[PDB]
Structures are given as C-alpha cells and as structure tokens.
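Engineer: Following this message is one structure expressed as structure tokens.
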Amino acid sequence: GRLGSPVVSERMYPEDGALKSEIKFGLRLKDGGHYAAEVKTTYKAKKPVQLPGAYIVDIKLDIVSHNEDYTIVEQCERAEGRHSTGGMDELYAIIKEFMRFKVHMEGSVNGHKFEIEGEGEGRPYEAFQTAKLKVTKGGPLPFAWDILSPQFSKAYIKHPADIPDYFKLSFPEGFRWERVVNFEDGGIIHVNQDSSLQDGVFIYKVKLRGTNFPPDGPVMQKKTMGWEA
C-alpha cells in the first residue's frame, strides 16, 4: 500500500518569528502494527516575511516507483494548506506555475553513511510535485526508505488566498529548517535543510543524522509500509 497513501496533517503555528510545525503520526508495520513518531520542525525565512496564523497542511505522499534495492526511488506529493475547524467536521512571482528542484542529502543512520542526489518538479500553486532520488553512496540503504520520504519541499503547498504562504514569500533567498523525529522505540532523526532559488531552480541541501534505532527494530529491519495519521 505505497500508492494512494492516507492524508497526514502538518499543524503549522507561528512562534518566536518562525513557522513551526508538529506531526503526531507513525509508520504502518508489515505485521499490521503501528510505529508511533512525533515530528517537530522549525522553518525560518532568510529575510523578514509575513507569518500566517496557525493552520493545517494536508499531505499525501506516495512512493510511485523504485528499483529492486531502493537506490532509485520516485516519490509524489500533494500538499494543501487550510484553516483549523477547531474540532468541527471539515468540508472542501519568481515562483512560476512550473518549477524544478535539485536536492543533495548527506546522511548517517546508526552510523551508516549515505548520499542521495535527486531532481524534482511540479506545480507550486496546484499542490503537486514529483522527485526521482538516487543513492550515490552507502546504497543499498540498510534501513526503511520511509524514514527519508518526508525529508525530500515546502514551496509546493497550495495556500488559500487568505493564508500568507511563508515558503513562497521567502524566495528568492529562501528558508532553512530544523527537524527532530522522535520514534516510540528511541529512534531519533535530526535534519537541517537549506532551501534556495538559483537560476529559476529550487536548491535543497539536507544534512540528516539518525541514531539509537534498535538493530532489530522496524526501521533497521525494513518492516515499515508508509506513514498513517
């Protein structure tokens, strides 16, 4: 079940001049179980930018294609901002209509070093993007791809007119983000990202450190089957 994956909600709130977020979601296990995670992110524009009020980004992220050892992976994402209903039942520039990105990630999980280079594209106002990721070093990865999927693009969220789009407004200079993922079994991921615009292309530079994953746990043993809310 990698296609038509469930929607996950990033809870955005302004704080200390930054846009922060929380996700309290987890990985589906092959054995039908749940592997819970908390994600805290801080996004900070490189220039001063209008902050929105707190709001929700609904995200659908799919692995649409991969080779046999996940050293080539294709990911697709649909993201849309919306107002909180406060517990009620919900209802229905230099940034062109089409934009490419390039991503470079340097990583280590449980001390296994790896490098991923990717190229993506999509429609920043229509809530659509794809990327093709290639493991250039440390491949094949001896851990679940799922832990990396959400580290690969905030400019491609459709915002309604009334919600300031912090990510689009930050360009061309862009924004940095710092993320901690805490898994229920002691697994920790720390991510630092720099997002820029160079020659009409988004440039993503990602540093990732994963540690304290149990060697027999679902990440190191590749027992995960995508994210759920």
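Naming scheme: A, B, ... for chains in displayed order of the structure tokens; residues 1 onward per chain; ligands 1 onward as shown.
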Show me, as JSON, numbers by chain, the residues that have an atom within 12 Å of residue 143 (chain A) when counting only C-alpha atoms, minus same-chain residues fewer than 2 positions from it.

Structural biologist: {"A": [69, 70, 71, 108, 109, 110, 111, 112, 113, 114, 138, 139, 140, 141, 145, 146, 147, 148, 187, 210, 211, 213, 214, 215, 216, 217, 218, 219, 220, 221, 222, 223, 224]}

Engineer: Got a sec: who's within 9 Å of region 161-176 of chain A, counting only C-alpha atoms, leaving out chain neighbours fewer than 6 positions off, as a PyMOL selection string?

Structural biologist: chain A and resi 19+42-53+55+81-83+93-95+124+154-155+192-198+200

Engineer: For residue 1 (chain A), which of A:20, A:190, A:30, A:207 is the closest residue, counting only C-alpha atoms?

Structural biologist: A:30

Engineer: Mind checking DSSP for region 80-191 of chain A and telling me the alpha helix (DSSP H) residues as a VMD selection string?

Structural biologist: chain A and resid 166 to 169

Engineer: Let me see the file: selected residues, N, CA, C and O atoms, as a tab-separated table (two decimals), in the first residue's frame.

Structural biologist:
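To be explicit, this is the file written out as selection-v7.tsv:
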```
chain	number	residue	atom	x	y	z
A	166	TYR	N	4.24	31.39	3.61
A	166	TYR	CA	5.53	31.78	4.21
A	166	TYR	C	6.67	31.31	3.31
A	166	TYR	O	7.66	32.03	3.16
A	167	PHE	N	6.50	30.13	2.71
A	167	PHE	CA	7.55	29.42	1.95
A	167	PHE	C	7.73	30.16	0.63
A	167	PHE	O	8.85	30.51	0.32
A	168	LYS	N	6.66	30.49	-0.08
A	168	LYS	CA	6.79	31.19	-1.38
A	168	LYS	C	7.34	32.61	-1.15
A	168	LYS	O	8.31	32.99	-1.82
A	169	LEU	N	6.82	33.32	-0.15
A	169	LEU	CA	7.26	34.71	0.18
A	169	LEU	C	8.74	34.78	0.52
A	169	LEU	O	9.30	35.87	0.38
```

Engineer: Suppose you want the space between CA of residue 188 (chain A) and CA of residue 29 (chain A); what is it in Å?

Structural biologist: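 Pair CA of residue 188 (chain A) / CA of residue 29 (chain A) returns 18.0 Å.
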
Engineer: Which polymer residues have any atom within 7 Å of an atom of residue 77 (chain A), counting only C-alpha atoms, with same-chain residues fewer than 2 positions away left out, as a PyMOL selection string?

Structural biologist: chain A and resi 59-62+75+79+128-130

Engineer: Given the selection you just returned, output its residues as a file containing C-alpha atoms, formatted as a short mmCIF file (atom, residue, chain, number, x, y, z; two decimals), in the first residue's frame.

Structural biologist:
```
data_model
loop_
_atom_site.label_atom_id
_atom_site.label_comp_id
_atom_site.auth_asym_id
_atom_site.auth_seq_id
_atom_site.Cartn_x
_atom_site.Cartn_y
_atom_site.Cartn_z
CA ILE A 59 -0.11 15.96 2.80
CA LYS A 60 -0.50 12.88 0.53
CA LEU A 61 2.99 11.37 -0.06
CA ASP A 62 3.33 8.21 -2.27
CA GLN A 75 8.06 9.99 -4.81
CA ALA A 79 0.02 19.30 -0.14
CA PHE A 128 1.71 18.79 -6.91
CA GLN A 129 5.35 17.58 -7.00
CA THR A 130 7.45 14.52 -8.04
#
```

Engineer: Do you have the CA of residue 21 (chain A)-CA of residue 157 (chain A) distance handy?

Structural biologist: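 So the answer is 14.3 Å.
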
Engineer: Within 6 Å of residue 39 (chain A), counting only C-alpha atoms, which residues show up once you throw out same-chain ones fewer than 5 positions away? Write them as a PDB file with N, CA, C and O atoms, in the first residue's frame, please.

Structural biologist:
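Result saved to selection_19.pdb:
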```pdb
ATOM      1  N   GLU A  22       4.104  20.584  13.985  1.00  0.00           N
ATOM      2  CA  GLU A  22       4.059  19.309  14.719  1.00  0.00           C
ATOM      3  C   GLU A  22       3.243  18.322  13.888  1.00  0.00           C
ATOM      4  O   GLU A  22       2.212  18.726  13.304  1.00  0.00           O
ATOM      5  N   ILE A  23       3.734  17.090  13.819  1.00  0.00           N
ATOM      6  CA  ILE A  23       3.013  15.887  13.317  1.00  0.00           C
ATOM      7  C   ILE A  23       3.110  14.799  14.398  1.00  0.00           C
ATOM      8  O   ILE A  23       4.242  14.533  14.907  1.00  0.00           O
ATOM      9  N   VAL A 180      13.248  17.461  14.142  1.00  0.00           N
ATOM     10  CA  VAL A 180      13.532  16.299  15.008  1.00  0.00           C
ATOM     11  C   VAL A 180      12.358  15.347  14.837  1.00  0.00           C
ATOM     12  O   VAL A 180      11.230  15.812  14.939  1.00  0.00           O
ATOM     13  N   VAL A 181      12.656  14.087  14.531  1.00  0.00           N
ATOM     14  CA  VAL A 181      11.690  12.956  14.539  1.00  0.00           C
ATOM     15  C   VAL A 181      12.030  12.045  15.719  1.00  0.00           C
ATOM     16  O   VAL A 181      13.166  11.517  15.776  1.00  0.00           O
TER      17      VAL A 181
END
```

Engineer: Work out how far apart CA of residue 229 (chain A) and CA of residue 121 (chain A) are and give it in Å to one decimal.

Structural biologist: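 Atom-to-atom, CA of residue 229 (chain A) and CA of residue 121 (chain A) are spaced 26.0 Å apart.
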
Engineer: Would you mind writing down, as a PyMOL selection string, each residue of region 10-43 of chain A that DSSP on the backbone assigns to strand (DSSP E)?

Structural biologist: chain A and resi 10-15+18-29+34-43

Engineer: If you keep N, CA, C and O atoms, can you produce a file of those selected residues as an mmCIF file, in the first residue's frame?

Structural biologist:
```
data_model
loop_
_atom_site.group_PDB
_atom_site.id
_atom_site.type_symbol
_atom_site.label_atom_id
_atom_site.label_comp_id
_atom_site.auth_asym_id
_atom_site.auth_seq_id
_atom_site.Cartn_x
_atom_site.Cartn_y
_atom_site.Cartn_z
ATOM 1 N N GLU A 10 0.137 18.349 8.762
ATOM 2 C CA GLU A 10 1.184 19.134 9.461
ATOM 3 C C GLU A 10 0.516 20.357 10.112
ATOM 4 O O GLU A 10 -0.030 21.205 9.405
ATOM 5 N N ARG A 11 0.554 20.423 11.437
ATOM 6 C CA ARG A 11 -0.020 21.520 12.254
ATOM 7 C C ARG A 11 1.015 22.649 12.358
ATOM 8 O O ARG A 11 1.912 22.555 13.207
ATOM 9 N N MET A 12 0.855 23.675 11.530
ATOM 10 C CA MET A 12 1.720 24.880 11.434
ATOM 11 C C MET A 12 1.283 25.900 12.500
ATOM 12 O O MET A 12 0.091 26.115 12.630
ATOM 13 N N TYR A 13 2.222 26.502 13.221
ATOM 14 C CA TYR A 13 1.963 27.640 14.134
ATOM 15 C C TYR A 13 3.139 28.619 14.090
ATOM 16 O O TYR A 13 4.297 28.218 14.090
ATOM 17 N N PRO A 14 2.881 29.945 14.042
ATOM 18 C CA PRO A 14 3.954 30.926 14.180
ATOM 19 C C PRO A 14 4.429 30.955 15.641
ATOM 20 O O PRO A 14 3.620 30.775 16.525
ATOM 21 N N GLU A 15 5.735 31.128 15.853
ATOM 22 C CA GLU A 15 6.365 31.186 17.196
ATOM 23 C C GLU A 15 7.789 31.733 17.053
ATOM 24 O O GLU A 15 8.506 31.270 16.154
ATOM 25 N N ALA A 18 9.332 32.540 13.753
ATOM 26 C CA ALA A 18 9.470 31.388 12.829
ATOM 27 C C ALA A 18 8.102 30.734 12.626
ATOM 28 O O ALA A 18 7.190 30.992 13.424
ATOM 29 N N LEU A 19 7.997 29.881 11.611
ATOM 30 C CA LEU A 19 6.841 28.981 11.418
ATOM 31 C C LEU A 19 7.262 27.592 11.893
ATOM 32 O O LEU A 19 8.242 27.025 11.363
ATOM 33 N N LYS A 20 6.617 27.117 12.943
ATOM 34 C CA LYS A 20 6.899 25.781 13.499
ATOM 35 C C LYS A 20 5.769 24.836 13.089
ATOM 36 O O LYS A 20 4.733 25.274 12.524
ATOM 37 N N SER A 21 6.009 23.556 13.278
ATOM 38 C CA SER A 21 5.004 22.538 12.948
ATOM 39 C C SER A 21 5.184 21.322 13.858
ATOM 40 O O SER A 21 6.295 21.074 14.423
ATOM 41 N N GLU A 22 4.104 20.584 13.985
ATOM 42 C CA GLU A 22 4.059 19.309 14.719
ATOM 43 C C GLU A 22 3.243 18.322 13.888
ATOM 44 O O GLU A 22 2.212 18.726 13.304
ATOM 45 N N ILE A 23 3.734 17.090 13.819
ATOM 46 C CA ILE A 23 3.013 15.887 13.317
ATOM 47 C C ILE A 23 3.110 14.799 14.398
ATOM 48 O O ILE A 23 4.242 14.533 14.907
ATOM 49 N N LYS A 24 1.985 14.166 14.721
ATOM 50 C CA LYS A 24 1.903 13.044 15.696
ATOM 51 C C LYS A 24 1.200 11.861 15.037
ATOM 52 O O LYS A 24 0.294 12.120 14.276
ATOM 53 N N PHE A 25 2.119 11.193 14.216
ATOM 54 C CA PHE A 25 1.744 10.110 13.256
ATOM 55 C C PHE A 25 2.701 8.931 13.313
ATOM 56 O O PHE A 25 3.177 8.613 14.432
ATOM 57 N N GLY A 26 2.500 7.890 12.391
ATOM 58 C CA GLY A 26 3.504 6.813 12.566
ATOM 59 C C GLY A 26 3.610 5.963 11.327
ATOM 60 O O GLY A 26 2.900 6.234 10.350
ATOM 61 N N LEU A 27 4.479 4.972 11.364
ATOM 62 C CA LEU A 27 4.654 4.025 10.245
ATOM 63 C C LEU A 27 3.757 2.814 10.482
ATOM 64 O O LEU A 27 3.776 2.292 11.593
ATOM 65 N N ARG A 28 2.980 2.432 9.469
ATOM 66 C CA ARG A 28 2.300 1.117 9.361
ATOM 67 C C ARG A 28 3.381 0.037 9.349
ATOM 68 O O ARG A 28 4.375 0.208 8.637
ATOM 69 N N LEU A 29 3.214 -1.035 10.126
ATOM 70 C CA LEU A 29 4.141 -2.190 10.079
ATOM 71 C C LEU A 29 3.548 -3.251 9.153
ATOM 72 O O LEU A 29 2.314 -3.271 8.990
ATOM 73 N N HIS A 34 1.534 -0.592 14.524
ATOM 74 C CA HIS A 34 1.777 0.869 14.432
ATOM 75 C C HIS A 34 3.125 1.187 15.099
ATOM 76 O O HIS A 34 3.430 0.592 16.141
ATOM 77 N N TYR A 35 3.918 2.054 14.485
ATOM 78 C CA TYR A 35 5.229 2.521 14.988
ATOM 79 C C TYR A 35 5.155 4.041 15.069
ATOM 80 O O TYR A 35 5.355 4.687 14.015
ATOM 81 N N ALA A 36 4.826 4.557 16.258
ATOM 82 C CA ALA A 36 4.486 5.979 16.509
ATOM 83 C C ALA A 36 5.741 6.853 16.467
ATOM 84 O O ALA A 36 6.823 6.389 16.922
ATOM 85 N N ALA A 37 5.553 8.077 15.956
ATOM 86 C CA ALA A 37 6.548 9.150 15.782
ATOM 87 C C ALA A 37 5.921 10.520 16.090
ATOM 88 O O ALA A 37 4.737 10.772 15.778
ATOM 89 N N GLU A 38 6.721 11.400 16.668
ATOM 90 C CA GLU A 38 6.413 12.843 16.840
ATOM 91 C C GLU A 38 7.408 13.596 15.964
ATOM 92 O O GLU A 38 8.600 13.292 16.090
ATOM 93 N N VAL A 39 6.958 14.524 15.116
ATOM 94 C CA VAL A 39 7.881 15.374 14.298
ATOM 95 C C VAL A 39 7.726 16.833 14.735
ATOM 96 O O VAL A 39 6.597 17.343 14.667
ATOM 97 N N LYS A 40 8.806 17.476 15.189
ATOM 98 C CA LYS A 40 8.797 18.947 15.399
ATOM 99 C C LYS A 40 9.710 19.550 14.340
ATOM 100 O O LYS A 40 10.812 19.020 14.139
ATOM 101 N N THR A 41 9.221 20.562 13.625
ATOM 102 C CA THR A 41 10.008 21.315 12.616
ATOM 103 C C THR A 41 9.927 22.807 12.939
ATOM 104 O O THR A 41 8.861 23.279 13.383
ATOM 105 N N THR A 42 11.037 23.503 12.728
ATOM 106 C CA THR A 42 11.124 24.981 12.687
ATOM 107 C C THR A 42 11.548 25.380 11.283
ATOM 108 O O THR A 42 12.630 24.949 10.855
ATOM 109 N N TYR A 43 10.720 26.176 10.620
ATOM 110 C CA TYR A 43 11.019 26.822 9.316
ATOM 111 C C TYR A 43 11.309 28.315 9.572
ATOM 112 O O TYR A 43 10.557 28.980 10.316
#
```

Engineer: Do you know which residues are at most 8 Å from residue 73 (chain A) counting only C-alpha atoms, after dropping those on the same chain fewer than 5 positions away, and could you put them as an NGL selection string?

Structural biologist: :A and (63 or 65-67 or 132-134)

Engineer: Can I get the selection written as a PDB file, in the first residue's frame, with N, CA, C and O atoms?

Structural biologist:
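Resulting contents of out-v1.pdb:
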```pdb
ATOM      1  N   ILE A  63       5.249   6.731  -2.539  1.00  0.00           N
ATOM      2  CA  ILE A  63       6.313   6.089  -3.361  1.00  0.00           C
ATOM      3  C   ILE A  63       5.594   5.498  -4.572  1.00  0.00           C
ATOM      4  O   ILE A  63       4.813   4.541  -4.374  1.00  0.00           O
ATOM      5  N   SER A  65       7.258   4.610  -7.553  1.00  0.00           N
ATOM      6  CA  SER A  65       8.190   3.756  -8.323  1.00  0.00           C
ATOM      7  C   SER A  65       9.534   3.616  -7.596  1.00  0.00           C
ATOM      8  O   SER A  65       9.965   4.576  -6.932  1.00  0.00           O
ATOM      9  N   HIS A  66      10.201   2.472  -7.741  1.00  0.00           N
ATOM     10  CA  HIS A  66      11.582   2.253  -7.235  1.00  0.00           C
ATOM     11  C   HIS A  66      12.189   1.053  -7.950  1.00  0.00           C
ATOM     12  O   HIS A  66      11.432   0.203  -8.392  1.00  0.00           O
ATOM     13  N   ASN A  67      13.508   0.989  -8.027  1.00  0.00           N
ATOM     14  CA  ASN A  67      14.229  -0.212  -8.495  1.00  0.00           C
ATOM     15  C   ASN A  67      14.260  -1.191  -7.313  1.00  0.00           C
ATOM     16  O   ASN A  67      13.693  -0.874  -6.208  1.00  0.00           O
ATOM     17  N   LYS A 132      12.762  12.196  -8.278  1.00  0.00           N
ATOM     18  CA  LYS A 132      13.491  10.944  -8.515  1.00  0.00           C
ATOM     19  C   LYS A 132      14.757  11.060  -7.697  1.00  0.00           C
ATOM     20  O   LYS A 132      15.496  12.022  -7.893  1.00  0.00           O
ATOM     21  N   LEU A 133      14.932  10.125  -6.773  1.00  0.00           N
ATOM     22  CA  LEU A 133      16.044  10.135  -5.811  1.00  0.00           C
ATOM     23  C   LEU A 133      16.974   8.988  -6.176  1.00  0.00           C
ATOM     24  O   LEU A 133      16.472   7.948  -6.614  1.00  0.00           O
ATOM     25  N   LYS A 134      18.275   9.244  -6.110  1.00  0.00           N
ATOM     26  CA  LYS A 134      19.325   8.248  -6.419  1.00  0.00           C
ATOM     27  C   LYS A 134      20.275   8.186  -5.222  1.00  0.00           C
ATOM     28  O   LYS A 134      20.821   9.253  -4.853  1.00  0.00           O
TER      29      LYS A 134
END
```
